[PDB]
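The file structure29.cif contains mmCIF, C-alpha atoms and all ligand atoms:
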```cif
data_query
#
loop_
_atom_site.label_atom_id
_atom_site.label_comp_id
_atom_site.auth_asym_id
_atom_site.auth_seq_id
_atom_site.Cartn_x
_atom_site.Cartn_y
_atom_site.Cartn_z
CA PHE A 60 -8.79 8.02 -4.30
CA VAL A 61 -8.99 9.37 -7.87
CA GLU A 62 -9.73 12.93 -6.65
CA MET A 63 -6.42 12.99 -4.71
CA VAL A 64 -4.23 11.68 -7.55
CA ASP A 65 -1.94 14.30 -9.13
CA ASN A 66 -2.55 16.87 -6.35
CA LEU A 67 1.14 17.76 -5.88
CA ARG A 68 3.14 20.27 -7.91
CA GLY A 69 6.49 22.07 -7.69
CA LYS A 70 9.77 23.07 -9.31
CA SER A 71 12.71 20.65 -9.34
CA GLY A 72 14.87 21.00 -6.22
CA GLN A 73 12.43 23.41 -4.53
CA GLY A 74 9.99 21.00 -2.82
CA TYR A 75 6.57 19.51 -3.59
CA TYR A 76 3.46 21.46 -2.55
CA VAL A 77 -0.25 20.74 -2.08
CA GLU A 78 -3.09 23.25 -2.35
CA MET A 79 -4.72 23.99 1.01
CA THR A 80 -7.27 26.49 2.25
CA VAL A 81 -7.17 28.45 5.49
CA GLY A 82 -9.94 30.55 7.08
CA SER A 83 -13.57 31.36 6.35
CA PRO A 84 -14.19 31.98 3.51
CA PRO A 85 -11.36 29.73 2.28
CA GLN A 86 -8.05 31.37 1.34
CA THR A 87 -6.04 29.16 -1.04
CA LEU A 88 -2.30 28.77 -0.43
CA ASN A 89 0.28 26.39 -1.86
CA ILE A 90 1.86 24.43 0.97
CA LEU A 91 5.18 22.53 1.07
CA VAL A 92 4.65 18.85 1.93
CA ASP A 93 7.28 18.10 4.59
CA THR A 94 7.63 14.74 6.33
CA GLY A 95 10.76 16.07 8.12
CA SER A 96 8.99 18.67 10.30
CA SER A 97 5.84 19.05 12.42
CA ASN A 98 4.46 22.60 12.18
CA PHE A 99 1.77 23.98 9.91
CA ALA A 100 3.10 27.46 9.14
CA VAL A 101 2.05 29.94 6.47
CA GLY A 102 3.28 33.31 5.20
CA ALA A 103 1.03 35.86 6.91
CA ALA A 104 2.77 39.14 6.01
CA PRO A 105 4.28 40.65 2.83
CA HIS A 106 7.55 39.17 1.55
CA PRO A 107 9.46 39.76 -1.70
CA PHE A 108 8.94 36.08 -2.69
CA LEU A 109 5.22 35.88 -1.81
CA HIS A 110 2.49 36.86 -4.28
CA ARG A 111 -0.07 36.23 -1.55
CA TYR A 112 -0.33 35.41 2.15
CA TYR A 113 -2.75 34.35 4.89
CA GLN A 114 -4.88 37.38 5.82
CA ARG A 115 -6.03 36.57 9.38
CA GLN A 116 -8.31 39.62 9.44
CA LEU A 117 -10.30 38.29 6.46
CA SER A 118 -11.22 35.11 8.37
CA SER A 119 -14.31 35.04 10.59
CA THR A 120 -13.09 31.72 12.09
CA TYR A 121 -9.54 32.76 13.02
CA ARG A 122 -8.56 32.61 16.72
CA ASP A 123 -5.34 34.08 18.13
CA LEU A 124 -3.54 31.82 20.63
CA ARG A 125 -1.60 34.81 22.04
CA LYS A 126 1.69 32.93 21.79
CA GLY A 127 4.70 33.49 19.53
CA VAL A 128 6.85 30.82 17.89
CA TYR A 129 10.49 31.03 16.84
CA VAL A 130 11.99 28.43 14.51
CA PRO A 131 15.72 28.60 13.75
CA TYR A 132 17.39 25.92 11.64
CA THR A 133 20.68 25.47 9.74
CA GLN A 134 21.20 28.81 7.91
CA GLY A 135 17.54 29.92 8.17
CA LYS A 136 14.64 30.87 10.42
CA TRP A 137 10.94 31.57 10.42
CA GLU A 138 8.92 33.11 13.23
CA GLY A 139 5.43 34.37 13.95
CA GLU A 140 2.21 34.12 15.87
CA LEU A 141 0.27 31.00 16.86
CA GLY A 142 -3.48 30.68 16.26
CA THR A 143 -6.18 28.32 15.04
CA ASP A 144 -8.44 28.36 11.99
CA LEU A 145 -10.40 26.12 9.65
CA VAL A 146 -8.27 24.22 7.13
CA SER A 147 -9.11 22.00 4.15
CA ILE A 148 -7.29 20.24 1.31
CA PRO A 149 -9.37 20.89 -1.86
CA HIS A 150 -7.86 17.88 -3.64
CA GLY A 151 -7.80 15.74 -0.50
CA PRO A 152 -10.44 14.35 1.85
CA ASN A 153 -13.84 16.03 1.86
CA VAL A 154 -13.36 17.40 5.39
CA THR A 155 -12.59 20.64 7.24
CA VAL A 156 -10.64 20.76 10.50
CA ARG A 157 -9.60 23.36 13.05
CA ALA A 158 -5.81 23.20 13.13
CA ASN A 159 -2.99 25.10 14.72
CA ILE A 160 -1.52 27.59 12.25
CA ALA A 161 1.70 29.52 12.75
CA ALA A 162 1.31 32.85 11.00
CA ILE A 163 4.81 33.62 9.69
CA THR A 164 5.48 37.33 10.19
CA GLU A 165 9.30 37.31 9.79
CA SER A 166 11.70 34.94 8.04
CA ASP A 167 15.20 34.52 6.67
CA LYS A 168 16.12 32.12 3.83
CA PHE A 169 12.85 30.25 4.30
CA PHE A 170 10.79 31.23 1.24
CA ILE A 171 12.28 30.33 -2.13
CA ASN A 172 12.08 32.69 -5.12
CA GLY A 173 9.91 30.90 -7.70
CA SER A 174 9.03 27.74 -5.71
CA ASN A 175 5.37 28.82 -5.79
CA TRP A 176 4.69 27.79 -2.18
CA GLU A 177 3.65 30.09 0.67
CA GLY A 178 3.74 27.78 3.68
CA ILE A 179 4.84 24.44 5.11
CA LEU A 180 2.88 21.35 6.15
CA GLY A 181 4.89 19.43 8.75
CA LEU A 182 3.65 15.83 8.65
CA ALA A 183 5.98 14.43 11.30
CA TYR A 184 5.19 13.93 14.99
CA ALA A 185 4.54 16.32 17.91
CA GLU A 186 7.90 15.47 19.52
CA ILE A 187 9.64 17.84 17.07
CA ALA A 188 6.97 20.58 16.85
CA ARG A 189 7.81 24.14 17.93
CA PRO A 190 7.61 25.73 20.44
CA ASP A 191 7.09 22.30 22.03
CA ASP A 192 5.25 18.98 21.72
CA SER A 193 2.00 20.46 23.11
CA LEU A 194 1.32 22.12 19.75
CA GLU A 195 -0.81 19.47 17.98
CA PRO A 196 0.41 18.90 14.40
CA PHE A 197 -2.03 19.15 11.47
CA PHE A 198 -2.33 15.42 10.74
CA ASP A 199 -3.01 14.62 14.40
CA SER A 200 -5.86 17.17 14.36
CA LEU A 201 -7.20 15.78 11.08
CA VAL A 202 -7.36 12.20 12.42
CA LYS A 203 -8.81 13.25 15.80
CA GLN A 204 -11.55 15.48 14.32
CA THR A 205 -12.62 13.31 11.35
CA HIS A 206 -12.95 9.65 10.37
CA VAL A 207 -9.84 9.84 8.14
CA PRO A 208 -7.66 6.73 8.72
CA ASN A 209 -4.30 7.47 10.37
CA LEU A 210 -2.18 7.05 7.23
CA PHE A 211 -1.01 9.00 4.20
CA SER A 212 1.03 8.09 1.15
CA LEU A 213 3.29 10.01 -1.22
CA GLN A 214 4.13 9.46 -4.88
CA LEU A 215 6.73 12.06 -5.83
CA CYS A 216 7.37 12.12 -9.57
CA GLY A 217 10.61 13.83 -10.63
CA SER A 225 15.45 27.06 -20.79
CA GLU A 226 14.59 30.04 -18.55
CA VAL A 227 12.61 28.19 -15.86
CA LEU A 228 13.24 25.09 -13.71
CA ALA A 229 11.59 21.76 -14.56
CA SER A 230 8.06 21.21 -13.26
CA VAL A 231 7.40 18.24 -11.00
CA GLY A 232 4.18 16.49 -10.00
CA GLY A 233 2.90 13.78 -7.69
CA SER A 234 0.19 12.57 -5.36
CA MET A 235 -0.50 12.80 -1.66
CA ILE A 236 -3.21 10.30 -0.78
CA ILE A 237 -4.62 11.07 2.64
CA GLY A 238 -6.32 8.25 4.54
CA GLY A 239 -5.40 5.46 2.16
CA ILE A 240 -3.34 3.60 -0.41
CA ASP A 241 -4.09 4.00 -4.12
CA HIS A 242 -3.12 0.81 -6.01
CA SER A 243 -2.75 2.63 -9.36
CA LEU A 244 0.31 4.48 -8.02
CA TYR A 245 2.57 1.43 -7.70
CA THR A 246 3.41 -1.98 -9.15
CA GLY A 247 4.71 -5.14 -7.50
CA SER A 248 5.08 -5.74 -3.77
CA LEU A 249 4.62 -3.20 -0.98
CA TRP A 250 7.31 -3.73 1.70
CA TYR A 251 7.18 -2.27 5.23
CA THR A 252 9.94 -1.06 7.53
CA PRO A 253 9.19 -0.15 11.17
CA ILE A 254 9.08 3.44 12.35
CA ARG A 255 11.75 3.14 15.04
CA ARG A 256 10.45 6.11 17.00
CA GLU A 257 7.68 8.61 16.35
CA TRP A 258 9.45 11.95 16.04
CA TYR A 259 10.92 12.16 12.59
CA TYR A 260 9.86 9.24 10.41
CA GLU A 261 12.90 7.34 11.65
CA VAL A 262 13.86 4.02 10.07
CA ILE A 263 16.79 1.56 10.25
CA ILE A 264 19.15 0.77 7.34
CA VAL A 265 20.85 -2.61 7.79
CA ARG A 266 23.03 -2.77 4.64
CA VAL A 267 24.15 -0.57 1.75
CA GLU A 268 25.28 -1.73 -1.69
CA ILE A 269 26.71 0.22 -4.63
CA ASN A 270 26.43 -1.75 -7.88
CA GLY A 271 25.72 -4.91 -5.87
CA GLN A 272 28.87 -4.44 -3.82
CA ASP A 273 28.47 -4.30 -0.04
CA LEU A 274 30.03 -1.22 1.62
CA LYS A 275 30.85 -3.58 4.53
CA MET A 276 30.55 -1.00 7.29
CA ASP A 277 29.32 -1.55 10.85
CA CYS A 278 25.61 -1.07 10.15
CA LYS A 279 25.26 1.47 12.98
CA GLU A 280 27.31 3.78 10.72
CA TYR A 281 24.34 3.82 8.28
CA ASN A 282 22.07 5.22 11.01
CA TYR A 283 24.46 7.58 12.75
CA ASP A 284 22.88 9.44 14.35
CA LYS A 285 19.50 8.56 12.77
CA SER A 286 18.01 7.65 9.37
CA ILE A 287 14.83 9.44 8.31
CA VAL A 288 12.38 9.62 5.40
CA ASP A 289 12.10 13.31 4.48
CA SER A 290 10.08 14.80 1.60
CA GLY A 291 11.48 18.21 2.67
CA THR A 292 15.03 17.31 1.66
CA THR A 293 15.97 17.15 -2.02
CA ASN A 294 19.06 14.97 -1.75
CA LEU A 295 19.99 11.58 -0.51
CA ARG A 296 22.11 12.66 2.47
CA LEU A 297 24.59 10.26 4.05
CA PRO A 298 26.69 10.36 7.24
CA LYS A 299 30.29 11.48 6.56
CA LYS A 300 31.95 8.03 6.58
CA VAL A 301 29.14 6.50 4.53
CA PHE A 302 29.15 9.42 2.04
CA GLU A 303 32.91 8.98 1.51
CA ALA A 304 32.61 5.24 0.87
CA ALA A 305 29.68 5.76 -1.51
CA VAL A 306 31.42 8.51 -3.53
CA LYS A 307 34.54 6.33 -3.80
CA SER A 308 32.48 3.41 -5.13
CA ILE A 309 30.43 5.57 -7.57
CA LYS A 310 33.66 7.23 -8.82
CA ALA A 311 35.22 3.82 -9.47
CA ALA A 312 32.18 2.52 -11.40
CA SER A 313 32.00 5.67 -13.56
CA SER A 314 35.80 5.92 -13.99
CA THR A 315 35.69 6.20 -17.84
CA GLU A 316 34.67 9.81 -17.20
CA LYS A 317 36.74 12.24 -15.16
CA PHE A 318 34.49 14.84 -13.55
CA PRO A 319 35.75 17.82 -11.51
CA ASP A 320 35.71 17.75 -7.70
CA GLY A 321 32.95 20.38 -7.88
CA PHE A 322 30.59 17.79 -9.37
CA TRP A 323 30.94 15.29 -6.50
CA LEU A 324 30.34 18.16 -4.07
CA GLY A 325 27.12 19.12 -5.88
CA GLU A 326 28.66 22.48 -6.79
CA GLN A 327 28.97 21.95 -10.55
CA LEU A 328 26.93 20.45 -13.37
CA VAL A 329 28.23 17.84 -15.82
CA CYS A 330 26.80 17.62 -19.33
CA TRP A 331 26.45 15.37 -22.36
CA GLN A 332 24.99 16.04 -25.81
CA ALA A 333 21.17 15.72 -25.66
CA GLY A 334 20.05 12.09 -25.28
CA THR A 335 23.58 10.64 -25.05
CA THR A 336 23.88 10.45 -21.22
CA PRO A 337 25.86 7.24 -20.41
CA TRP A 338 23.50 6.02 -17.66
CA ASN A 339 25.13 2.57 -17.68
CA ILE A 340 28.47 3.81 -16.32
CA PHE A 341 26.69 4.95 -13.13
CA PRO A 342 25.93 2.24 -10.52
CA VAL A 343 22.64 1.42 -8.76
CA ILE A 344 22.42 2.13 -5.03
CA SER A 345 20.60 -0.29 -2.73
CA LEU A 346 19.52 0.51 0.81
CA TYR A 347 18.38 -2.53 2.81
CA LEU A 348 15.74 -1.54 5.35
CA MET A 349 14.86 -3.50 8.49
CA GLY A 350 11.81 -5.71 7.92
CA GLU A 351 8.72 -6.15 10.08
CA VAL A 352 10.09 -9.62 10.93
CA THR A 353 13.21 -9.61 13.20
CA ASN A 354 15.85 -11.13 10.91
CA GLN A 355 14.38 -9.90 7.62
CA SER A 356 15.18 -6.92 5.45
CA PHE A 357 14.14 -5.67 2.03
CA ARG A 358 16.04 -3.46 -0.38
CA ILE A 359 15.08 -0.34 -2.24
CA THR A 360 17.23 0.24 -5.29
CA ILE A 361 17.59 3.59 -7.05
CA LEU A 362 19.12 4.53 -10.38
CA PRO A 363 21.38 7.38 -11.57
CA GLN A 364 18.12 8.75 -13.01
CA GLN A 365 17.26 9.48 -9.36
CA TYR A 366 20.59 10.68 -7.93
CA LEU A 367 21.66 12.76 -10.95
CA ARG A 368 19.23 15.71 -11.07
CA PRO A 369 18.43 17.36 -14.44
CA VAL A 370 19.22 21.10 -14.68
CA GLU A 371 18.61 22.88 -18.00
CA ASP A 372 21.39 25.30 -18.97
CA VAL A 373 20.77 28.47 -21.02
CA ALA A 374 24.41 28.66 -22.21
CA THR A 375 24.20 25.10 -23.58
CA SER A 376 20.54 24.24 -24.31
CA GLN A 377 21.61 21.41 -26.64
CA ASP A 378 23.05 19.45 -23.71
CA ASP A 379 21.57 17.39 -20.89
CA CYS A 380 23.18 18.64 -17.66
CA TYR A 381 23.11 17.06 -14.21
CA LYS A 382 23.76 17.81 -10.55
CA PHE A 383 25.04 15.05 -8.24
CA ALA A 384 22.33 14.82 -5.57
CA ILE A 385 24.00 12.68 -2.91
CA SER A 386 25.55 14.85 -0.20
CA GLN A 387 27.27 14.68 3.18
CA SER A 388 25.37 14.87 6.46
CA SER A 389 26.43 15.36 10.10
CA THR A 390 22.89 14.64 11.30
CA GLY A 391 22.34 11.11 9.95
CA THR A 392 20.91 9.60 6.78
CA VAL A 393 18.22 11.55 4.96
CA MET A 394 16.15 9.68 2.41
CA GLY A 395 14.99 12.78 0.57
CA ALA A 396 13.32 13.37 -2.79
CA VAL A 397 16.20 11.47 -4.54
CA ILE A 398 15.07 8.29 -2.77
CA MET A 399 11.33 8.98 -2.69
CA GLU A 400 11.06 9.68 -6.43
CA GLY A 401 11.72 5.97 -7.08
CA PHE A 402 8.84 4.78 -4.94
CA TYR A 403 5.32 5.00 -3.65
CA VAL A 404 5.86 5.64 0.05
CA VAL A 405 3.22 4.76 2.63
CA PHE A 406 3.39 6.56 5.96
CA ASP A 407 1.32 4.07 7.93
CA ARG A 408 1.15 5.91 11.25
CA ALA A 409 -1.60 3.59 12.58
CA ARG A 410 0.73 0.58 12.34
CA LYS A 411 4.02 2.44 13.09
CA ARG A 412 5.57 1.50 9.73
CA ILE A 413 6.66 2.90 6.37
CA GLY A 414 5.86 1.10 3.12
CA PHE A 415 7.83 1.16 -0.14
CA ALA A 416 6.78 -0.06 -3.58
CA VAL A 417 8.03 0.69 -7.11
CA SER A 418 6.39 3.93 -8.25
CA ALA A 419 4.29 3.86 -11.43
CA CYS A 420 5.89 7.24 -12.34
CA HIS A 421 9.64 6.73 -11.60
CA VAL A 422 12.22 7.69 -14.27
CA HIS A 423 14.11 4.70 -15.71
CA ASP A 424 15.51 3.19 -18.93
CA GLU A 425 15.04 -0.05 -20.90
CA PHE A 426 17.90 -1.76 -19.01
CA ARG A 427 17.32 -0.96 -15.33
CA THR A 428 14.45 0.02 -13.03
CA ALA A 429 14.11 1.27 -9.45
CA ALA A 430 13.22 -1.80 -7.39
CA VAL A 431 11.78 -3.00 -4.08
CA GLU A 432 12.86 -6.58 -3.38
CA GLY A 433 12.72 -9.06 -0.50
CA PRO A 434 12.83 -10.75 1.84
CA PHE A 435 16.51 -10.97 2.76
CA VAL A 436 17.06 -12.99 5.90
CA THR A 437 20.18 -12.73 8.04
CA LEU A 438 21.08 -15.28 10.71
CA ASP A 439 21.27 -13.48 14.08
CA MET A 440 20.70 -9.89 12.88
CA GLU A 441 22.68 -7.22 14.77
CA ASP A 442 21.03 -4.05 16.12
CA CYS A 443 21.84 -1.37 13.52
CA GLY A 444 20.18 1.42 15.53
CA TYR A 445 22.19 4.26 17.05
CA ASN A 446 21.37 5.55 20.52
CA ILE A 447 21.76 9.35 20.59
CA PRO A 448 23.70 10.38 23.73
CA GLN A 449 21.31 11.77 26.33
CA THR A 450 21.83 15.43 27.19
CA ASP A 451 20.89 16.82 30.59
CA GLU A 452 18.67 19.28 28.65
CA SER A 453 16.63 16.39 27.20
CA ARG A 454 16.75 14.27 30.38
CA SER A 455 15.34 17.08 32.55
CA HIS A 456 12.12 17.22 30.47
CA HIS A 457 9.04 15.90 32.26
CA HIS A 458 6.45 14.25 30.01
CA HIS A 459 2.98 14.48 31.56
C1 LIG A 501 15.43 19.56 6.18
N1 LIG A 501 14.22 20.39 6.12
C2 LIG A 501 14.19 21.75 6.20
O1 LIG A 501 15.16 22.51 6.32
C3 LIG A 501 12.72 22.21 6.09
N2 LIG A 501 12.06 20.91 5.96
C4 LIG A 501 12.94 19.97 5.99
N3 LIG A 501 12.66 18.62 5.92
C5 LIG A 501 12.59 23.13 4.87
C6 LIG A 501 12.79 22.61 3.57
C7 LIG A 501 12.70 23.44 2.42
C8 LIG A 501 12.95 22.88 1.14
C9 LIG A 501 13.92 23.51 0.32
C10 LIG A 501 14.19 22.94 -0.95
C11 LIG A 501 13.51 21.76 -1.35
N4 LIG A 501 12.59 21.16 -0.55
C12 LIG A 501 12.32 21.70 0.66
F1 LIG A 501 11.40 21.06 1.40
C13 LIG A 501 12.41 24.82 2.59
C14 LIG A 501 12.20 25.34 3.89
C15 LIG A 501 12.30 24.51 5.03
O2 LIG A 501 12.09 25.06 6.29
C16 LIG A 501 12.55 24.36 7.44
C17 LIG A 501 11.93 24.98 8.71
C18 LIG A 501 12.34 24.14 9.95
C19 LIG A 501 12.00 22.65 9.76
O3 LIG A 501 12.54 22.15 8.53
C20 LIG A 501 12.16 22.87 7.36
NI NI A 502 6.75 17.12 36.46
#
```
Show the structure stored in the file as structure tokens.
Ligand SMILES: CN1C(=O)[C@]2(N=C1N)c1cc(-c3cccnc3F)ccc1O[C@H]1CCCO[C@@H]12
Ligand code: NI
Amino acid sequence: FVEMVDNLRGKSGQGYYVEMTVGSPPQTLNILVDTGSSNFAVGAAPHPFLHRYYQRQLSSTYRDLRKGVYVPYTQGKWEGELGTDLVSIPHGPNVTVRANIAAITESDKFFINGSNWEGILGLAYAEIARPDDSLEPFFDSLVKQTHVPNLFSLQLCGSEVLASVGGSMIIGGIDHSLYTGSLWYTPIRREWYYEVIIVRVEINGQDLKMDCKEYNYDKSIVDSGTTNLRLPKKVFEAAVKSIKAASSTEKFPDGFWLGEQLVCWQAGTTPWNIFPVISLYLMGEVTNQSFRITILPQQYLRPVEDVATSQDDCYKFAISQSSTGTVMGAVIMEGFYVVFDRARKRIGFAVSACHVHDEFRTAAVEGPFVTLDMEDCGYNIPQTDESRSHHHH
């Protein structure tokens, strides 16, 4: 899949995007690659942060669905008009599909100044699409309309401008040049988000020793659309305590641990070895097995170049608290080649050929670990009457 290698770009902390075309003749837009959502939505009206947008009137193949869509989320929203048009990925498979497209006509805190993307590609399942699960997501349409295998994989590679990032989205396959060592699979627990189960967490080889349901409260997901590793409150607190203890030779302000303040060292002198590795053990394909993915401080301490002190290497702490479960965001994914094997309801992890490391430690994927009489680490979200009332024909 040589032609699909290196097809992702972006600015650090602002999401990875792929080039796509919409309409006839093709209109090129840069589109955020988001495994944590399920809509294909593109700027389709002027906005201060857009240099360009989808011009429906310029497309001979555009069809209006005569239905609006409204998408609120934590401290943001986008909304607009549903339709269909022809869509391709120039540095993807050699195919063109008719997909649903939400034409974004109004938004708040959605577009990011300087991110260089104009839309979002939700790669998750129909269950979480808006307005409802009857709006077929892009990848479903791609698979149904073409011979493209039902799988994609992601290799995310992490003074006045933010650092440029790159990576690969391989659609329809696995490219062996993008990883080394073994490729380990964890089940997709349920097809909505890419939900997985964490069975154990270690910080510098030390078990956090929590009830494993705490690791997945109220879910754990793999999300390219989240920068940070996000952890449930109780888990976050235990992790921060352990990371603080390991790095105790340095006394950082509270602002740092909250991700609200950078910490710096003289260029090239960053004491990586005082920061511990973090291991997440993921449920294996076999009942009582797990494997671990291990990330370095090179992943969870994000580089931010400072104008005021350009002679220093400065870092943001990129592990943060969640009230909506574990989020394995870019912090996790940057260590690994991640295979979203939809066909076989599983997610694969292998050491990425592009991950940032040093001569002492490396991001790792290791297994199997077998546990006698494995507990169920999955959390069952309480059923609301709202959700229960839904008929599913
Ligand atoms: C959590 N999440 C969002 O809020 C979300 N996608 C995900 N996964 C998202 C992430 C980023 C973003 C910002 C910075 C860095 N990377 C990114 F992808 C920017 C906008 C955005 O829009 C949300 C619309 C509703 C569904 O979720 C979407
Ligand atoms: Ni009914």
TODO: Kindly work out which residues sit at most 7 Å from ligand LIG 501 (chain A), using all atoms listed in the file, and give the list as a PyMOL selection string.
DONE: chain A and resi 72-75+91+93-96+130-132+136-137+169-170+289-293
With C-alpha atoms retained, export the selected residues as an mmCIF file, in the frame of the given file.
```cif
data_model
loop_
_atom_site.group_PDB
_atom_site.id
_atom_site.type_symbol
_atom_site.label_atom_id
_atom_site.label_comp_id
_atom_site.auth_asym_id
_atom_site.auth_seq_id
_atom_site.Cartn_x
_atom_site.Cartn_y
_atom_site.Cartn_z
ATOM 1 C CA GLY A 72 14.870 21.000 -6.220
ATOM 2 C CA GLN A 73 12.430 23.410 -4.530
ATOM 3 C CA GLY A 74 9.990 21.000 -2.820
ATOM 4 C CA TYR A 75 6.570 19.510 -3.590
ATOM 5 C CA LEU A 91 5.180 22.530 1.070
ATOM 6 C CA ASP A 93 7.280 18.100 4.590
ATOM 7 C CA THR A 94 7.630 14.740 6.330
ATOM 8 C CA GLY A 95 10.760 16.070 8.120
ATOM 9 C CA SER A 96 8.990 18.670 10.300
ATOM 10 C CA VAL A 130 11.990 28.430 14.510
ATOM 11 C CA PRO A 131 15.720 28.600 13.750
ATOM 12 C CA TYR A 132 17.390 25.920 11.640
ATOM 13 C CA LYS A 136 14.640 30.870 10.420
ATOM 14 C CA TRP A 137 10.940 31.570 10.420
ATOM 15 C CA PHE A 169 12.850 30.250 4.300
ATOM 16 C CA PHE A 170 10.790 31.230 1.240
ATOM 17 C CA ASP A 289 12.100 13.310 4.480
ATOM 18 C CA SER A 290 10.080 14.800 1.600
ATOM 19 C CA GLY A 291 11.480 18.210 2.670
ATOM 20 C CA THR A 292 15.030 17.310 1.660
ATOM 21 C CA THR A 293 15.970 17.150 -2.020
#
```
- [ ] Give the residue list for ligand NI 502 (chain A) at 12 Å, counting all atoms listed in the file, as a ChimeraX atom specification, sorted by chain and then by residue number.
- [x] /A:455-459
Would you export the selected residues with C-alpha atoms as a PDB file, in the frame of the given file, please?
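Generated file (part-v6.pdb):
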```pdb
ATOM      1  CA  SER A 455      15.340  17.080  32.550  1.00  0.00           C
ATOM      2  CA  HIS A 456      12.120  17.220  30.470  1.00  0.00           C
ATOM      3  CA  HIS A 457       9.040  15.900  32.260  1.00  0.00           C
ATOM      4  CA  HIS A 458       6.450  14.250  30.010  1.00  0.00           C
ATOM      5  CA  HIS A 459       2.980  14.480  31.560  1.00  0.00           C
TER       6      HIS A 459
END
```
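Nearest residue to residue 401 in chain A among A:107, A:325, A:217, A:181 is A:217, counting only C-alpha atoms.
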Open item on the list: Counting only C-alpha atoms, which residues sit no farther than 12 Å from the position (6.6, -10.5, 9.3) in the file's frame? I'd like them as a ChimeraX atom specification.
Closed with: /A:250-253,349-357,433-436
How close does range 246-298 of chain A get to range 411-427 of chain A? List, as JSON lines, each residue of range 246-298 of chain A within 9 Å, its nearest atom pair and the distance in Å to one decimal, counting all atoms listed in the file.
```
{"residue": "A:246", "atom": "CA", "partner": "A:417", "partner_atom": "CA", "distance": 5.7}
{"residue": "A:247", "atom": "CA", "partner": "A:417", "partner_atom": "CA", "distance": 6.7}
{"residue": "A:248", "atom": "CA", "partner": "A:416", "partner_atom": "CA", "distance": 5.9}
{"residue": "A:249", "atom": "CA", "partner": "A:416", "partner_atom": "CA", "distance": 4.6}
{"residue": "A:250", "atom": "CA", "partner": "A:414", "partner_atom": "CA", "distance": 5.2}
{"residue": "A:251", "atom": "CA", "partner": "A:414", "partner_atom": "CA", "distance": 4.2}
{"residue": "A:252", "atom": "CA", "partner": "A:413", "partner_atom": "CA", "distance": 5.3}
{"residue": "A:253", "atom": "CA", "partner": "A:412", "partner_atom": "CA", "distance": 4.2}
{"residue": "A:254", "atom": "CA", "partner": "A:412", "partner_atom": "CA", "distance": 4.8}
{"residue": "A:255", "atom": "CA", "partner": "A:411", "partner_atom": "CA", "distance": 8.0}
{"residue": "A:256", "atom": "CA", "partner": "A:411", "partner_atom": "CA", "distance": 8.4}
{"residue": "A:257", "atom": "CA", "partner": "A:411", "partner_atom": "CA", "distance": 7.9}
{"residue": "A:260", "atom": "CA", "partner": "A:413", "partner_atom": "CA", "distance": 8.2}
{"residue": "A:262", "atom": "CA", "partner": "A:413", "partner_atom": "CA", "distance": 8.2}
{"residue": "A:288", "atom": "CA", "partner": "A:413", "partner_atom": "CA", "distance": 8.9}
```
Kindly export the residues of the current selection with C-alpha atoms, as a short mmCIF file (atom, residue, chain, number, x, y, z; two decimals), keeping the file's coordinate frame.
```cif
data_model
loop_
_atom_site.label_atom_id
_atom_site.label_comp_id
_atom_site.auth_asym_id
_atom_site.auth_seq_id
_atom_site.Cartn_x
_atom_site.Cartn_y
_atom_site.Cartn_z
CA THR A 246 3.41 -1.98 -9.15
CA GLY A 247 4.71 -5.14 -7.50
CA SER A 248 5.08 -5.74 -3.77
CA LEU A 249 4.62 -3.20 -0.98
CA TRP A 250 7.31 -3.73 1.70
CA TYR A 251 7.18 -2.27 5.23
CA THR A 252 9.94 -1.06 7.53
CA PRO A 253 9.19 -0.15 11.17
CA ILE A 254 9.08 3.44 12.35
CA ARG A 255 11.75 3.14 15.04
CA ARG A 256 10.45 6.11 17.00
CA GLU A 257 7.68 8.61 16.35
CA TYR A 260 9.86 9.24 10.41
CA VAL A 262 13.86 4.02 10.07
CA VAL A 288 12.38 9.62 5.40
#
```
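As for CA of residue 367 in chain A and CA of residue 213 in chain A, they are spaced 21.0 Å apart.
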- [ ] Have a look at A:141, A:179, A:117, A:398 and name the one nearest to residue 84 in chain A; count only C-alpha atoms.
- [x] A:117
Task: Best match for closeness to residue 393 in chain A among A:296, A:310, A:150, A:454, counting all atoms listed in the file - done: A:296
Task: Pick from A:371, A:186, A:439, A:452 nearest to residue 230 in chain A, counting only C-alpha atoms - done: A:371
- [ ] In Å, rounded to a single decimal, give me how far CA of residue 346 in chain A is from CA of residue 266 in chain A.
- [x] 6.1 Å
- [ ] Select, from A:199, A:192, A:123, A:277, the residue with the minimum atom-to-atom distance to residue 162 in chain A, counting only C-alpha atoms.
- [x]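 Between A:199, A:192, A:123, A:277, the residue approaching residue 162 in chain A most closely is A:123.
For the atom pair formed by CA of residue 211 in chain A and CA of residue 64 in chain A, the distance is 12.5 Å, given to one decimal.
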- [ ] Considering all atoms listed in the file, state which residue in the set A:295, A:240, A:67, A:330 is at the smallest distance from residue 405 in chain A.
- [x] A:240
Open item on the list: Give me, as a list in words, all polymer residues having an atom no more than 12 Å from residue 138 in chain A, counting all atoms listed in the file and skipping those fewer than 3 positions away in the same chain.
Closed with: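 Result of the neighbour search: residues 98, 100, 101, 102, 103, 104, 126, 127, 128, 129, 130, 131, 132, 135, 141, 160, 161, 162, 163, 164, 165, 166, 167, 168, 169, 189 and 190 of chain A.
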- [ ] Give as a ChimeraX atom specification every residue, naming chains and numbers as the document does, that has an atom within 9 Å of (-2.4, 22.0, -7.4), counting all atoms listed in the file.
- [x] /A:65-69,76-79,89,149-150,232
